[PDB]
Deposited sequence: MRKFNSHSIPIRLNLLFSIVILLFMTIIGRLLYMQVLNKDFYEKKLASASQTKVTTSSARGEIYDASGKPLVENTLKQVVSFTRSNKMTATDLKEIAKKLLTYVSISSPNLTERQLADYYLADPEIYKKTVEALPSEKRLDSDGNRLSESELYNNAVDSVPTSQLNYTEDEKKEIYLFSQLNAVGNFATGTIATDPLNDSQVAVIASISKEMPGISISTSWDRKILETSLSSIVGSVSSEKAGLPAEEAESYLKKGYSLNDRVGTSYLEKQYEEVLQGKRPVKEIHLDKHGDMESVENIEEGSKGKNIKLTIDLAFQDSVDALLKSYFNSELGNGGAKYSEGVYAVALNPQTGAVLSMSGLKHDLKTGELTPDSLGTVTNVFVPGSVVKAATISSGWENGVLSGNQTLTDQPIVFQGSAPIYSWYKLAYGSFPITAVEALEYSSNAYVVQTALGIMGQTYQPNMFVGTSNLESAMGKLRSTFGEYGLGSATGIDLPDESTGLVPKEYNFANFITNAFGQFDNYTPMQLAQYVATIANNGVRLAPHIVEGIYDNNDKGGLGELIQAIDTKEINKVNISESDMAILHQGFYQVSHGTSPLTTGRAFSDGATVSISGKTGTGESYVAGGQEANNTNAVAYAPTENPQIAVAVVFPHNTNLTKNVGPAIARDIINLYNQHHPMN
């Protein structure tokens, strides 16, 4: 029978780099007081160590918990034997812990040695823990190092402050927990199970959290074995510690910055002319449709209460917007999957009149009367009649003007429409490499009118990322890919910086949309004619106006959203622009913004 026990110490966190290698985070090296605890140190011994250490360190904002107050009170061996004396070893510690009031009389200078006592008390037997204090300077550290021998247990070691660098990707990088705030409390149990200490610093937000396993530094491990009582025999080493592995993003700072500037430019323009007065902002996501790589995620928040403009790149994955007409492709796709439409089917474009409700029109209203229209043309002219007749078909009915609609098949129809939408990413999880994306506002309580509006993008709300995946799906011929913001995992070179490739994050297929290849080609013809058409009803000629490459896309019609991919023949970029609640009917900047993003990218990475 011999006693076994192993202790661990954390290392430097890996760093985060943009597509070109610029660092986005900083490990600033610092020196800290460390404490190594022995099974032999009593609480009175620990008290004596705190008081000696208080002469050398500064303690500013001590926020002691009752648990800590009581531990310090009960340290006195005589006062512990007395407090349990009046009660009706671990169970005996906890019951005696509910026996004293925390209304104790400790001077402010007293509260300081209680804080330190706490820090020493938190360190497990034989382990080496950090003793959090105010920043120590070079001279202050040299004093402590020289008188360490007088406080057995105390030493000076090297730690690291984590800081985020001022860039447009600073919001996406996320946060890491302090060594004082320690391991996050509502998750403490699930980390201890993994191997983490109590005062470890771990990603609590966005990328730091998502790639925690990659960024966390490898630990140096030591074993200690115990004799008879459980006392230290010798201190043997198992594993030598190293800096965490690095991650490189798919986003390039230069490009991201130029998209932010372009969004601000268009937003102010629209704000100035009054069109954007009640608009919450403008968001843009550009993806690579062959891989799912995220090329930029930009956002500009306009506060409707003060008026201020602030960056909001996370809005692309957390905020939801009515999509408008850009979703017409997904509704037509649903008609094909549910046997309502056959290839490029001709419908009458007519006002849609249901009993007990206002007629439904398209943007051109009555200007051309009723006329035959194909699926290609339905996308090109952005026809509501077409998608409304399609939706009504999914519900099992043929449109006749003035019809009373039976709603016996409404849950089934809505389910089928949303199911198709979900295949494109609209209302479902995108797969993106962040801990918590919104999946959109998809209401479970709805009626017939809602089902119909949903068909032309006027009910379910989606995020800008979902809308980008949708059009990247069309660009990738129906094969929907998980977006990823990280490109590969990287080693470190000789002095803690971007070394060589460990594991390139590879493409992930999620599903393939259940439509024919020729049906997918009909959606491609539609999206092309939106931008290249010659009809008075053609809706997106602005996509082509000064384009350096051939753009295909779809406008959203209040609402000035747009989606696009390019080049048409061999798509390498797919973009979604979300510009909610813009009242300018005159000129539609949605397509213009998407074109410019695509031009921006083409100038940066030639296609």
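Unmodelled regions of the deposited sequence, numbered from residue 1: 1 to 47, 136 to 149, 619 to 629, 680.
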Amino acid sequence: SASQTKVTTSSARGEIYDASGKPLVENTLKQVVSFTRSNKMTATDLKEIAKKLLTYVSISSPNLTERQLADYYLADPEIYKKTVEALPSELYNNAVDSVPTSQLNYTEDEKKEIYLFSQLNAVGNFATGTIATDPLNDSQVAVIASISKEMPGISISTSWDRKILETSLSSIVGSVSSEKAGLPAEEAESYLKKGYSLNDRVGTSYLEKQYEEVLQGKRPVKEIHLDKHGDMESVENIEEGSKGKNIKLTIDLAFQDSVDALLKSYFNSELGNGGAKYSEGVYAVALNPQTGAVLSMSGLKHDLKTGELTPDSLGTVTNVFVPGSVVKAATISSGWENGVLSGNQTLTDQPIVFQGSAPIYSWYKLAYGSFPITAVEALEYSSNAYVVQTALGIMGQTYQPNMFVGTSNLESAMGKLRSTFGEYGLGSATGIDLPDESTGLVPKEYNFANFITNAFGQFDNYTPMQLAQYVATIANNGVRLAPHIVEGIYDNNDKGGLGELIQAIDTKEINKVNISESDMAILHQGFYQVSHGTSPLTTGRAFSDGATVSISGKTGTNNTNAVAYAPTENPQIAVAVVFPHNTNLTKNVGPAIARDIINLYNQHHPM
From here on, numbers count along this sequence of modelled residues.
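Here 428 to 436 and 194 to 202 are compared by their mean Cα B-factor, and 194 to 202 comes out higher. Higher mean CA B-factor, judged across 348 to 356 and 208 to 216 from the recorded values: 348 to 356.
Based on the entry's C-alpha B-factors, the most elevated value among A284, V143, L120, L91 belongs to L91. As recorded in the PDB entry, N514 shows the highest C-alpha B-factor of the residues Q256, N514, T390, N246. Among the modelled residues of the chain, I16 sits in the lowest third by CA temperature factor in this PDB entry. Split the chain's modelled residues into thirds by C-alpha temperature factor. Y364 is in the middle one.
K52: CA B factor lies in the middle third for its chain, per the PDB record.
In this PDB entry, the Cα temperature factor of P571 sits in the middle third of its chain's modelled residues. In the deposited entry, the Cα temperature factor of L24 sits in the bottom third of values across the chain's modelled residues.
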